[PDB]
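Data file: query-v2.pdb. Format and content: PDB, C-alpha atoms and all ligand atoms.
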ATOM      1  CA  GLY A  10     -13.314  -4.706  -6.092  1.00  0.00           C
ATOM      2  CA  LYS A  11     -10.108  -2.629  -6.107  1.00  0.00           C
ATOM      3  CA  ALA A  12     -10.041  -2.031  -2.326  1.00  0.00           C
ATOM      4  CA  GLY A  13      -7.395  -3.549  -0.010  1.00  0.00           C
ATOM      5  CA  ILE A  14      -6.093  -3.521   3.598  1.00  0.00           C
ATOM      6  CA  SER A  15      -2.593  -2.595   4.822  1.00  0.00           C
ATOM      7  CA  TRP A  16      -1.526  -4.233   8.153  1.00  0.00           C
ATOM      8  CA  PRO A  17       1.712  -3.399  10.052  1.00  0.00           C
ATOM      9  CA  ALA A  18       3.898  -6.486  10.674  1.00  0.00           C
ATOM     10  CA  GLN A  19       4.803  -4.686  14.026  1.00  0.00           C
ATOM     11  CA  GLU A  20       1.390  -6.095  15.226  1.00  0.00           C
ATOM     12  CA  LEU A  21       3.115  -9.611  15.074  1.00  0.00           C
ATOM     13  CA  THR A  22      -0.118 -11.459  14.172  1.00  0.00           C
ATOM     14  CA  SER A  23      -2.298 -11.338  10.980  1.00  0.00           C
ATOM     15  CA  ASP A  24      -5.334 -12.712  12.947  1.00  0.00           C
ATOM     16  CA  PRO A  25      -7.059  -9.331  13.501  1.00  0.00           C
ATOM     17  CA  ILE A  26      -7.417  -8.541   9.795  1.00  0.00           C
ATOM     18  CA  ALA A  27      -9.392 -11.792   9.007  1.00  0.00           C
ATOM     19  CA  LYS A  28     -12.527  -9.853  10.080  1.00  0.00           C
ATOM     20  CA  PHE A  29     -12.071  -7.361   7.190  1.00  0.00           C
ATOM     21  CA  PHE A  30     -12.728 -10.254   4.704  1.00  0.00           C
ATOM     22  CA  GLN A  31     -15.854 -11.789   6.400  1.00  0.00           C
ATOM     23  CA  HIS A  32     -19.373 -12.292   4.920  1.00  0.00           C
ATOM     24  CA  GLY A  33     -20.248  -9.345   2.673  1.00  0.00           C
ATOM     25  CA  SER A  34     -16.826  -7.566   2.635  1.00  0.00           C
ATOM     26  CA  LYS A  35     -16.046  -5.857  -0.709  1.00  0.00           C
ATOM     27  CA  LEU A  36     -12.258  -5.873   0.085  1.00  0.00           C
ATOM     28  CA  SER A  37     -10.221  -8.085  -2.357  1.00  0.00           C
ATOM     29  CA  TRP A  38      -6.550  -7.846  -1.190  1.00  0.00           C
ATOM     30  CA  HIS A  39      -4.071  -7.184   1.613  1.00  0.00           C
ATOM     31  CA  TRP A  40      -0.424  -6.332   2.156  1.00  0.00           C
ATOM     32  CA  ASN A  41       1.863  -5.718   5.201  1.00  0.00           C
ATOM     33  CA  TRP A  42       5.100  -4.092   3.868  1.00  0.00           C
ATOM     34  CA  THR A  43       6.760  -7.534   3.829  1.00  0.00           C
ATOM     35  CA  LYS A  44       7.029 -10.912   2.143  1.00  0.00           C
ATOM     36  CA  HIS A  45       4.295 -13.025   3.758  1.00  0.00           C
ATOM     37  CA  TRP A  46       1.357 -12.809   6.247  1.00  0.00           C
ATOM     38  CA  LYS A  47       1.918 -16.240   7.879  1.00  0.00           C
ATOM     39  CA  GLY A  48       5.490 -17.180   8.750  1.00  0.00           C
ATOM     40  CA  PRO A  49       8.532 -15.803  10.599  1.00  0.00           C
ATOM     41  CA  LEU A  50       7.797 -12.211   9.362  1.00  0.00           C
ATOM     42  CA  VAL A  51       4.367 -12.219  11.175  1.00  0.00           C
ATOM     43  CA  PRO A  52       5.343 -14.920  13.631  1.00  0.00           C
ATOM     44  CA  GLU A  53       2.357 -14.884  16.059  1.00  0.00           C
ATOM     45  CA  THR A  54      -0.251 -15.462  13.303  1.00  0.00           C
ATOM     46  CA  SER A  55      -2.320 -18.618  14.132  1.00  0.00           C
ATOM     47  CA  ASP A  56      -1.113 -21.668  12.078  1.00  0.00           C
ATOM     48  CA  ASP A  57      -4.710 -22.273  10.805  1.00  0.00           C
ATOM     49  CA  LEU A  58      -5.643 -18.607   9.997  1.00  0.00           C
ATOM     50  CA  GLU A  59      -7.370 -18.209   6.599  1.00  0.00           C
ATOM     51  CA  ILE A  60      -7.728 -14.887   4.806  1.00  0.00           C
ATOM     52  CA  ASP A  61      -9.832 -15.294   1.667  1.00  0.00           C
ATOM     53  CA  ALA A  62      -8.134 -12.508  -0.370  1.00  0.00           C
ATOM     54  CA  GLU A  63      -5.142 -11.744  -2.593  1.00  0.00           C
ATOM     55  CA  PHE A  64      -1.897 -11.093  -0.639  1.00  0.00           C
ATOM     56  CA  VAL A  65       0.558  -8.657  -2.275  1.00  0.00           C
ATOM     57  CA  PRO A  66       4.139  -9.149  -0.952  1.00  0.00           C
ATOM     58  CA  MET A  67       6.731  -6.353  -0.743  1.00  0.00           C
ATOM     59  CA  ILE A  68      10.530  -6.233  -0.930  1.00  0.00           C
ATOM     60  CA  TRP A  69      10.714  -3.436   1.704  1.00  0.00           C
ATOM     61  CA  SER A  70      14.465  -2.689   1.217  1.00  0.00           C
ATOM     62  CA  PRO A  71      17.607  -4.249  -0.371  1.00  0.00           C
ATOM     63  CA  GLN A  72      18.310  -6.120   2.916  1.00  0.00           C
ATOM     64  CA  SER A  73      14.910  -7.907   2.705  1.00  0.00           C
ATOM     65  CA  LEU A  74      16.275  -9.872  -0.334  1.00  0.00           C
ATOM     66  CA  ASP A  75      18.882 -11.499   1.954  1.00  0.00           C
ATOM     67  CA  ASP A  76      16.639 -12.137   5.051  1.00  0.00           C
ATOM     68  CA  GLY A  77      16.256 -15.903   4.218  1.00  0.00           C
ATOM     69  CA  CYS A  78      12.372 -15.625   4.286  1.00  0.00           C
ATOM     70  CA  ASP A  79      10.003 -16.680   1.475  1.00  0.00           C
ATOM     71  CA  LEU A  80       7.400 -14.788  -0.538  1.00  0.00           C
ATOM     72  CA  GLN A  81       3.764 -15.809   0.228  1.00  0.00           C
ATOM     73  CA  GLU A  82       3.146 -18.759  -2.138  1.00  0.00           C
ATOM     74  CA  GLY A  83       1.069 -17.964  -5.265  1.00  0.00           C
ATOM     75  CA  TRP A  84       1.619 -14.146  -5.243  1.00  0.00           C
ATOM     76  CA  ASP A  85       0.579 -12.321  -8.470  1.00  0.00           C
ATOM     77  CA  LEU A  86       2.055  -8.911  -7.652  1.00  0.00           C
ATOM     78  CA  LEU A  87       5.369  -8.038  -5.995  1.00  0.00           C
ATOM     79  CA  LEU A  88       5.904  -4.509  -4.565  1.00  0.00           C
ATOM     80  CA  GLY A  89       9.279  -2.735  -4.765  1.00  0.00           C
ATOM     81  CA  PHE A  90      11.143  -0.848  -1.985  1.00  0.00           C
ATOM     82  CA  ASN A  91       9.166   1.261   0.456  1.00  0.00           C
ATOM     83  CA  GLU A  92       9.974   5.054   0.265  1.00  0.00           C
ATOM     84  CA  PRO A  93      13.654   4.552  -0.718  1.00  0.00           C
ATOM     85  CA  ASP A  94      13.735   8.355  -1.254  1.00  0.00           C
ATOM     86  CA  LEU A  95      13.313   8.943   2.597  1.00  0.00           C
ATOM     87  CA  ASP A  96      16.226   9.302   5.179  1.00  0.00           C
ATOM     88  CA  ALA A 101      12.146   3.217   4.557  1.00  0.00           C
ATOM     89  CA  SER A 102      15.872   2.359   3.829  1.00  0.00           C
ATOM     90  CA  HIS A 103      17.410   5.347   1.847  1.00  0.00           C
ATOM     91  CA  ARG A 104      19.130   4.488  -1.480  1.00  0.00           C
ATOM     92  CA  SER A 105      20.242   6.501  -4.490  1.00  0.00           C
ATOM     93  CA  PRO A 106      18.340   5.714  -7.691  1.00  0.00           C
ATOM     94  CA  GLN A 107      21.525   3.917  -9.007  1.00  0.00           C
ATOM     95  CA  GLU A 108      21.942   1.901  -5.761  1.00  0.00           C
ATOM     96  CA  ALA A 109      18.228   0.939  -5.982  1.00  0.00           C
ATOM     97  CA  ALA A 110      18.462   0.189  -9.723  1.00  0.00           C
ATOM     98  CA  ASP A 111      21.359  -2.257  -9.100  1.00  0.00           C
ATOM     99  CA  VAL A 112      19.379  -4.125  -6.362  1.00  0.00           C
ATOM    100  CA  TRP A 113      16.279  -4.044  -8.646  1.00  0.00           C
ATOM    101  CA  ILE A 114      18.107  -6.465 -11.075  1.00  0.00           C
ATOM    102  CA  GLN A 115      18.324  -8.999  -8.192  1.00  0.00           C
ATOM    103  CA  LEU A 116      14.655  -8.305  -7.093  1.00  0.00           C
ATOM    104  CA  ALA A 117      13.371  -8.684 -10.658  1.00  0.00           C
ATOM    105  CA  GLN A 118      14.807 -12.277 -10.726  1.00  0.00           C
ATOM    106  CA  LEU A 119      11.962 -13.202  -8.324  1.00  0.00           C
ATOM    107  CA  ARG A 120       9.643 -12.899 -11.359  1.00  0.00           C
ATOM    108  CA  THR A 121      10.399 -16.534 -12.398  1.00  0.00           C
ATOM    109  CA  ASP A 122       6.928 -17.155 -13.809  1.00  0.00           C
ATOM    110  CA  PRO A 123       6.325 -13.922 -15.793  1.00  0.00           C
ATOM    111  CA  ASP A 124       2.915 -15.081 -17.224  1.00  0.00           C
ATOM    112  CA  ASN A 125       1.504 -15.219 -13.602  1.00  0.00           C
ATOM    113  CA  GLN A 126       3.731 -12.666 -11.752  1.00  0.00           C
ATOM    114  CA  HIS A 127       4.170  -8.894 -12.239  1.00  0.00           C
ATOM    115  CA  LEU A 128       6.432  -6.336 -10.634  1.00  0.00           C
ATOM    116  CA  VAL A 129       5.262  -3.042  -9.087  1.00  0.00           C
ATOM    117  CA  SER A 130       7.576  -0.004  -8.742  1.00  0.00           C
ATOM    118  CA  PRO A 131       9.113   1.168  -5.495  1.00  0.00           C
ATOM    119  CA  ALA A 132       6.742   3.733  -3.931  1.00  0.00           C
ATOM    120  CA  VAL A 133       8.314   7.088  -3.095  1.00  0.00           C
ATOM    121  CA  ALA A 134       7.369   9.175  -0.024  1.00  0.00           C
ATOM    122  CA  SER A 135       7.454  12.253  -2.291  1.00  0.00           C
ATOM    123  CA  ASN A 136      10.525  12.467  -4.558  1.00  0.00           C
ATOM    124  CA  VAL A 137       9.117  12.131  -8.125  1.00  0.00           C
ATOM    125  CA  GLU A 138      12.594  12.873  -9.570  1.00  0.00           C
ATOM    126  CA  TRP A 139      14.007   9.890  -7.535  1.00  0.00           C
ATOM    127  CA  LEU A 140      11.510   7.550  -9.231  1.00  0.00           C
ATOM    128  CA  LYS A 141      12.024   9.000 -12.756  1.00  0.00           C
ATOM    129  CA  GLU A 142      15.823   8.480 -12.430  1.00  0.00           C
ATOM    130  CA  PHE A 143      15.305   4.956 -10.948  1.00  0.00           C
ATOM    131  CA  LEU A 144      13.055   3.811 -13.803  1.00  0.00           C
ATOM    132  CA  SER A 145      15.510   5.311 -16.379  1.00  0.00           C
ATOM    133  CA  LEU A 146      18.458   3.323 -14.902  1.00  0.00           C
ATOM    134  CA  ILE A 147      16.955  -0.220 -14.727  1.00  0.00           C
ATOM    135  CA  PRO A 148      17.147  -2.626 -17.690  1.00  0.00           C
ATOM    136  CA  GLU A 149      13.993  -2.455 -19.827  1.00  0.00           C
ATOM    137  CA  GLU A 150      13.290  -6.180 -19.351  1.00  0.00           C
ATOM    138  CA  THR A 151      12.910  -5.521 -15.535  1.00  0.00           C
ATOM    139  CA  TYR A 152      10.584  -2.475 -16.001  1.00  0.00           C
ATOM    140  CA  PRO A 153       7.645  -2.813 -13.558  1.00  0.00           C
ATOM    141  CA  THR A 154       4.107  -3.343 -14.979  1.00  0.00           C
ATOM    142  CA  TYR A 155       2.493  -1.070 -12.307  1.00  0.00           C
ATOM    143  CA  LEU A 156       3.452   2.137 -10.442  1.00  0.00           C
ATOM    144  CA  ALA A 157       3.057   1.960  -6.589  1.00  0.00           C
ATOM    145  CA  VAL A 158       1.873   5.354  -5.140  1.00  0.00           C
ATOM    146  CA  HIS A 159       1.645   6.754  -1.574  1.00  0.00           C
ATOM    147  CA  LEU A 160      -0.684   9.789  -1.521  1.00  0.00           C
ATOM    148  CA  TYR A 161      -1.304  11.705   1.711  1.00  0.00           C
ATOM    149  CA  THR A 162      -3.455  14.867   1.248  1.00  0.00           C
ATOM    150  CA  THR A 163      -6.613  16.341   2.835  1.00  0.00           C
ATOM    151  CA  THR A 164      -8.737  17.619  -0.109  1.00  0.00           C
ATOM    152  CA  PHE A 165     -10.362  15.763  -3.023  1.00  0.00           C
ATOM    153  CA  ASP A 166      -9.097  18.311  -5.591  1.00  0.00           C
ATOM    154  CA  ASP A 167      -5.490  17.948  -4.441  1.00  0.00           C
ATOM    155  CA  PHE A 168      -5.922  14.107  -4.324  1.00  0.00           C
ATOM    156  CA  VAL A 169      -7.085  13.961  -7.962  1.00  0.00           C
ATOM    157  CA  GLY A 170      -4.448  16.456  -9.253  1.00  0.00           C
ATOM    158  CA  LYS A 171      -1.594  14.435  -7.639  1.00  0.00           C
ATOM    159  CA  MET A 172      -2.985  11.038  -8.834  1.00  0.00           C
ATOM    160  CA  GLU A 173      -3.250  12.545 -12.362  1.00  0.00           C
ATOM    161  CA  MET A 174       0.405  13.835 -12.121  1.00  0.00           C
ATOM    162  CA  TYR A 175       1.602  10.290 -11.244  1.00  0.00           C
ATOM    163  CA  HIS A 176      -0.388   8.827 -14.142  1.00  0.00           C
ATOM    164  CA  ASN A 177       0.834  11.549 -16.607  1.00  0.00           C
ATOM    165  CA  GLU A 178       4.506  11.471 -15.377  1.00  0.00           C
ATOM    166  CA  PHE A 179       5.044   7.731 -15.454  1.00  0.00           C
ATOM    167  CA  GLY A 180       2.362   6.343 -17.856  1.00  0.00           C
ATOM    168  CA  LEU A 181       1.766   3.113 -15.899  1.00  0.00           C
ATOM    169  CA  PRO A 182      -1.445   1.875 -14.299  1.00  0.00           C
ATOM    170  CA  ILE A 183      -1.348   2.450 -10.588  1.00  0.00           C
ATOM    171  CA  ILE A 184      -1.643   0.580  -7.302  1.00  0.00           C
ATOM    172  CA  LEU A 185      -2.313   3.173  -4.628  1.00  0.00           C
ATOM    173  CA  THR A 186      -0.805   1.185  -1.661  1.00  0.00           C
ATOM    174  CA  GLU A 187      -1.206   4.036   0.932  1.00  0.00           C
ATOM    175  CA  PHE A 188      -3.753   6.897   1.214  1.00  0.00           C
ATOM    176  CA  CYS A 189      -5.863   8.590   3.915  1.00  0.00           C
ATOM    177  CA  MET A 190      -6.874  12.097   5.038  1.00  0.00           C
ATOM    178  CA  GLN A 191      -3.539  13.485   6.225  1.00  0.00           C
ATOM    179  CA  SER A 192      -0.978  16.036   4.864  1.00  0.00           C
ATOM    180  CA  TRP A 193       2.740  15.953   5.759  1.00  0.00           C
ATOM    181  CA  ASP A 194       2.842  19.588   4.595  1.00  0.00           C
ATOM    182  CA  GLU A 195       2.908  21.416   8.000  1.00  0.00           C
ATOM    183  CA  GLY A 196       0.937  24.460   6.702  1.00  0.00           C
ATOM    184  CA  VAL A 197      -1.845  21.887   5.814  1.00  0.00           C
ATOM    185  CA  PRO A 198      -4.170  21.114   8.764  1.00  0.00           C
ATOM    186  CA  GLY A 199      -5.224  17.453   9.450  1.00  0.00           C
ATOM    187  CA  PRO A 200      -8.942  16.590   9.612  1.00  0.00           C
ATOM    188  CA  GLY A 201     -11.032  18.929  11.788  1.00  0.00           C
ATOM    189  CA  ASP A 202     -13.594  16.220  12.774  1.00  0.00           C
ATOM    190  CA  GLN A 203     -14.319  12.439  12.140  1.00  0.00           C
ATOM    191  CA  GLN A 204     -17.072  13.297   9.609  1.00  0.00           C
ATOM    192  CA  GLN A 205     -14.557  14.992   7.222  1.00  0.00           C
ATOM    193  CA  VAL A 206     -12.702  11.592   6.968  1.00  0.00           C
ATOM    194  CA  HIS A 207     -15.946   9.708   6.105  1.00  0.00           C
ATOM    195  CA  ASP A 208     -16.564  12.385   3.399  1.00  0.00           C
ATOM    196  CA  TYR A 209     -12.976  12.186   2.068  1.00  0.00           C
ATOM    197  CA  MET A 210     -13.213   8.319   1.868  1.00  0.00           C
ATOM    198  CA  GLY A 211     -16.545   8.554  -0.014  1.00  0.00           C
ATOM    199  CA  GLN A 212     -15.171  11.032  -2.579  1.00  0.00           C
ATOM    200  CA  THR A 213     -11.743   9.340  -3.090  1.00  0.00           C
ATOM    201  CA  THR A 214     -13.053   5.691  -3.303  1.00  0.00           C
ATOM    202  CA  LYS A 215     -15.722   6.713  -5.877  1.00  0.00           C
ATOM    203  CA  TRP A 216     -13.143   8.490  -8.074  1.00  0.00           C
ATOM    204  CA  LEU A 217     -10.718   5.514  -7.677  1.00  0.00           C
ATOM    205  CA  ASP A 218     -13.379   2.926  -8.565  1.00  0.00           C
ATOM    206  CA  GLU A 219     -14.367   4.986 -11.696  1.00  0.00           C
ATOM    207  CA  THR A 220     -10.750   5.619 -12.931  1.00  0.00           C
ATOM    208  CA  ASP A 221      -9.688   2.656 -15.143  1.00  0.00           C
ATOM    209  CA  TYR A 222      -5.898   3.295 -14.670  1.00  0.00           C
ATOM    210  CA  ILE A 223      -6.378   2.660 -10.875  1.00  0.00           C
ATOM    211  CA  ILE A 224      -5.876  -1.139 -10.612  1.00  0.00           C
ATOM    212  CA  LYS A 225      -5.990  -1.374  -6.778  1.00  0.00           C
ATOM    213  CA  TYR A 226      -6.033   0.958  -3.757  1.00  0.00           C
ATOM    214  CA  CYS A 227      -5.441   0.620  -0.048  1.00  0.00           C
ATOM    215  CA  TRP A 228      -6.499   3.006   2.715  1.00  0.00           C
ATOM    216  CA  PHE A 229      -3.918   3.468   5.489  1.00  0.00           C
ATOM    217  CA  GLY A 230      -5.327   2.968   8.992  1.00  0.00           C
ATOM    218  CA  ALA A 231      -5.949  -0.667   9.900  1.00  0.00           C
ATOM    219  CA  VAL A 232      -3.754  -0.807  13.080  1.00  0.00           C
ATOM    220  CA  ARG A 233      -4.249  -1.662  16.807  1.00  0.00           C
ATOM    221  CA  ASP A 234      -1.264   0.105  18.380  1.00  0.00           C
ATOM    222  CA  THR A 235      -1.349   3.924  17.837  1.00  0.00           C
ATOM    223  CA  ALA A 236       2.470   3.742  17.299  1.00  0.00           C
ATOM    224  CA  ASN A 237       1.737   1.959  13.958  1.00  0.00           C
ATOM    225  CA  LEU A 238      -0.126   5.124  12.683  1.00  0.00           C
ATOM    226  CA  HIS A 239       3.295   6.884  12.372  1.00  0.00           C
ATOM    227  CA  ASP A 240       1.659  10.307  13.316  1.00  0.00           C
ATOM    228  CA  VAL A 241      -1.327   9.765  10.929  1.00  0.00           C
ATOM    229  CA  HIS A 242      -4.489  11.346  12.565  1.00  0.00           C
ATOM    230  CA  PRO A 243      -6.389   8.620  14.528  1.00  0.00           C
ATOM    231  CA  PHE A 244      -9.612   9.748  12.677  1.00  0.00           C
ATOM    232  CA  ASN A 245      -8.125   7.650   9.779  1.00  0.00           C
ATOM    233  CA  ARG A 246      -8.381   4.457  11.866  1.00  0.00           C
ATOM    234  CA  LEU A 247     -10.146   1.444  10.291  1.00  0.00           C
ATOM    235  CA  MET A 248      -9.540  -0.548  13.502  1.00  0.00           C
ATOM    236  CA  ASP A 249      -9.322   0.413  17.171  1.00  0.00           C
ATOM    237  CA  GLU A 250      -6.852  -0.405  19.958  1.00  0.00           C
ATOM    238  CA  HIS A 251      -8.786  -3.632  20.745  1.00  0.00           C
ATOM    239  CA  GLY A 252      -8.716  -5.073  17.188  1.00  0.00           C
ATOM    240  CA  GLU A 253     -12.402  -4.084  16.442  1.00  0.00           C
ATOM    241  CA  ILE A 254     -13.524  -2.414  13.120  1.00  0.00           C
ATOM    242  CA  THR A 255     -14.314   1.319  13.528  1.00  0.00           C
ATOM    243  CA  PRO A 256     -17.290   3.035  11.772  1.00  0.00           C
ATOM    244  CA  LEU A 257     -14.730   4.262   9.136  1.00  0.00           C
ATOM    245  CA  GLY A 258     -13.571   0.609   8.750  1.00  0.00           C
ATOM    246  CA  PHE A 259     -17.229  -0.481   8.203  1.00  0.00           C
ATOM    247  CA  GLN A 260     -17.713   2.224   5.529  1.00  0.00           C
ATOM    248  CA  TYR A 261     -14.466   1.127   3.816  1.00  0.00           C
ATOM    249  CA  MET A 262     -15.099  -2.620   4.036  1.00  0.00           C
ATOM    250  CA  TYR A 263     -18.638  -2.256   2.569  1.00  0.00           C
ATOM    251  CA  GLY A 264     -17.417  -0.367  -0.550  1.00  0.00           C
ATOM    252  CA  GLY A 265     -16.404   3.153   0.622  1.00  0.00           C
ATOM    253  CA  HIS A 266     -19.163   4.956  -1.375  1.00  0.00           C
ATOM    254  CA  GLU A 267     -22.742   4.379  -2.583  1.00  0.00           C
TER     255      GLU A 267
HETATM  256  K     K A 301       0.757 -16.073  -9.352  1.00  0.00           K
END
Render the structure in this file as structure tokens.
Ligand SMILES: [K+]
Amino acid sequence: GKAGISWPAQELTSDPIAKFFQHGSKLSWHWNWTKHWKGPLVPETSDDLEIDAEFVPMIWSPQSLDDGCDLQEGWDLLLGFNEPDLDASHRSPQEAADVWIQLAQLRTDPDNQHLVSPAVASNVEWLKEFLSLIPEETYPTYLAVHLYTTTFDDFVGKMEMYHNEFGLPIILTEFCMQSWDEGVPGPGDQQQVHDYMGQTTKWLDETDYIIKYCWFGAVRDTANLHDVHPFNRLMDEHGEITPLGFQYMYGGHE
């Protein structure tokens, strides 16, 4: 399946997400905005924790390349900088393109490793300029996308814009039922979020240029929602899977 889990490294331990990949789960991957899920970057994770799923590391910002920590061994995909367009660690497209040359060196085994673009918060021009400035031999295979909207029609139009603008297959690393437009109201009730997840996951499973996707909302601490509506939660304050989490983990849609 295409469906993954995001987990904030602010939680300090990867243990709580093991239960998303238990008997019957349809979820196939996970990421955490950083290099590894067991190690100094998630330092409280139990030594013996096993997560039977693909981990996708991220180079969060230019500084992460110099942090002296290692990428999760055996990675297949590497994600570029998180929301470098936001004032995320803010860079110009040229500052990002220069650091990209150093990041792209991590692809030492190019038959079994592929690079994914930086994901912008919103600035499509930022990403167009970035991709035009990097050397062609470093061009990412996949586009990373963050899409926060509240209606299925708007979701599909924006996904189609990213596909049409950039012409790469897509890894949707962050989505849920939330608009950062302030004239756009957040979900009215919990049911609307179940409905949104059903519609979006069916469309994403049926669209061949969607390689992977990842709902935003597996967290324990409310702080780690970053003002996302708590109706988007896949996990509660105690580390237990919510009804929305159950829907997601068992395939999102019939
Ligand atoms: K690999």
| said: Considering all atoms listed in the file, can you say which of A:176, A:266, A:120, A:242 comes closest to ligand K 301 (chain A)? | reply: A:120
| field | Output check: residues returned by the PyMOL selection byres (((not hetatm)) within 10 of (chain A and resi 301)), as a PyMOL selection string | value | chain A and resi 63+82-87+120+122-127
Go ahead and dump the residues you just picked, C-alpha atoms, as a tab-separated table (two decimals), keeping the file's coordinate frame.
chain	number	residue	atom	x	y	z
A	63	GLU	CA	-5.14	-11.74	-2.59
A	82	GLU	CA	3.15	-18.76	-2.14
A	83	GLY	CA	1.07	-17.96	-5.26
A	84	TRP	CA	1.62	-14.15	-5.24
A	85	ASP	CA	0.58	-12.32	-8.47
A	86	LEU	CA	2.06	-8.91	-7.65
A	87	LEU	CA	5.37	-8.04	-6.00
A	120	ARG	CA	9.64	-12.90	-11.36
A	122	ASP	CA	6.93	-17.16	-13.81
A	123	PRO	CA	6.32	-13.92	-15.79
A	124	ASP	CA	2.92	-15.08	-17.22
A	125	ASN	CA	1.50	-15.22	-13.60
A	126	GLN	CA	3.73	-12.67	-11.75
A	127	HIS	CA	4.17	-8.89	-12.24
| request: Kindly give the distance, in Å, that separates CA of residue 152 in chain A and CA of residue 129 in chain A, rounded to a single decimal. | output: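 Atom-to-atom, CA of residue 152 in chain A to CA of residue 129 in chain A, that is 8.7 Å.
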On this structure, the PyMOL selection byres (((chain A and resi 19) around 10) and not hetatm) would catch which residues? List them as a PDB file with C-alpha atoms, in the frame of the given file, sorted by chain and number.
ATOM      1  CA  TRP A  16      -1.526  -4.233   8.153  1.00  0.00           C
ATOM      2  CA  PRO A  17       1.712  -3.399  10.052  1.00  0.00           C
ATOM      3  CA  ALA A  18       3.898  -6.486  10.674  1.00  0.00           C
ATOM      4  CA  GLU A  20       1.390  -6.095  15.226  1.00  0.00           C
ATOM      5  CA  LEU A  21       3.115  -9.611  15.074  1.00  0.00           C
ATOM      6  CA  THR A  22      -0.118 -11.459  14.172  1.00  0.00           C
ATOM      7  CA  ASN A  41       1.863  -5.718   5.201  1.00  0.00           C
ATOM      8  CA  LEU A  50       7.797 -12.211   9.362  1.00  0.00           C
ATOM      9  CA  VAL A  51       4.367 -12.219  11.175  1.00  0.00           C
ATOM     10  CA  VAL A 232      -3.754  -0.807  13.080  1.00  0.00           C
ATOM     11  CA  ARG A 233      -4.249  -1.662  16.807  1.00  0.00           C
ATOM     12  CA  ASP A 234      -1.264   0.105  18.380  1.00  0.00           C
ATOM     13  CA  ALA A 236       2.470   3.742  17.299  1.00  0.00           C
ATOM     14  CA  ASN A 237       1.737   1.959  13.958  1.00  0.00           C
TER      15      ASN A 237
END
| request: List the residues selected by the PyMOL selection byres (((chain A and resi 179-194) around 7) and not hetatm) in the file shown, writing them as number ranges by chain. | output: A: 154-163, 175-178, 195-197, 199-200, 206, 209, 222-229, 241-242, 245
| said: Applying 10 Å and all atoms listed in the file, which residues near residue 145 in chain A remain after dropping the ones on its own chain fewer than 4 positions away? List them as a PyMOL selection string. | reply: chain A and resi 106-107+110+140-141+149+152
Serialized selection, C-alpha atoms, as an mmCIF file, in the coordinates of the input:
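As a result, part.cif now contains:
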data_model
loop_
_atom_site.group_PDB
_atom_site.id
_atom_site.type_symbol
_atom_site.label_atom_id
_atom_site.label_comp_id
_atom_site.auth_asym_id
_atom_site.auth_seq_id
_atom_site.Cartn_x
_atom_site.Cartn_y
_atom_site.Cartn_z
ATOM 1 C CA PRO A 106 18.340 5.714 -7.691
ATOM 2 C CA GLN A 107 21.525 3.917 -9.007
ATOM 3 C CA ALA A 110 18.462 0.189 -9.723
ATOM 4 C CA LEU A 140 11.510 7.550 -9.231
ATOM 5 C CA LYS A 141 12.024 9.000 -12.756
ATOM 6 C CA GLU A 149 13.993 -2.455 -19.827
ATOM 7 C CA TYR A 152 10.584 -2.475 -16.001
#
| field | Distance of CA of residue 205 in chain A from CA of residue 166 in chain A, expressed in Å to one decimal place | value |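 Spanning CA of residue 166 in chain A to CA of residue 205 in chain A is a straight-line distance of 14.3 Å.
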| request: Counting all atoms listed in the file, write as a VMD selection string all protein and nucleic acid residues lying at most 6 Å from (-11.4, 10.4, 13.2) in the file's frame. | output: chain A and resid 203 243 to 245
| message | Just the number, please: distance in Å from CA of residue 119 in chain A to CA of residue 66 in chain A, one decimal. | response |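 So the two atoms, CA of residue 119 in chain A and CA of residue 66 in chain A, lie 11.5 Å apart.
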| field | Among listed residues A:261, A:113, A:29, A:64, nearest residue 81 in chain A (using only C-alpha atoms) | value |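 Using only C-alpha atoms, the shortest distance to residue 81 in chain A belongs to A:64.
The smallest atom-to-atom distance between residue 88 in chain A and any of A:165, A:130, A:59, A:14, using only C-alpha atoms, is found for A:130.
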| Looking at all atoms listed in the file, which of A:74, A:210, A:67, A:26 is the one that sits closest to residue 267 in chain A? |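 Under the stated criterion, the closest residue is A:210.
Among A:132, A:214, A:220, A:142, the residue with the shortest atom-to-atom distance to residue 173 in chain A, counting all atoms listed in the file, is A:220.
Excluding residue 247 in chain A and any residue on its chain fewer than 4 positions from it, the residues at most 6 Å away by only C-alpha atoms are residues 230, 231, 254, 255, 257 and 258 of chain A.
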Centre and edge lengths, as lines of an AutoDock Vina configuration file, for the axis-aligned box enclosing every listed atom of range 161-177 of chain A with 3 Å of padding on each of the six sides, in Å to one decimal?
center_x = -4.4
center_y = 13.6
center_z = -6.9
size_x = 18.0
size_y = 15.5
size_z = 25.4
| query | Using only C-alpha atoms, which of the listed residues (A:42, A:89, A:94, A:33) sits closest to residue 114 in chain A? | reply | A:89
| field | Point (-10.0, 9.2, -4.8), cut-off 7 Å, counting only C-alpha atoms, residues as a VMD selection string | value | chain A and resid 165 168 to 169 212 to 217
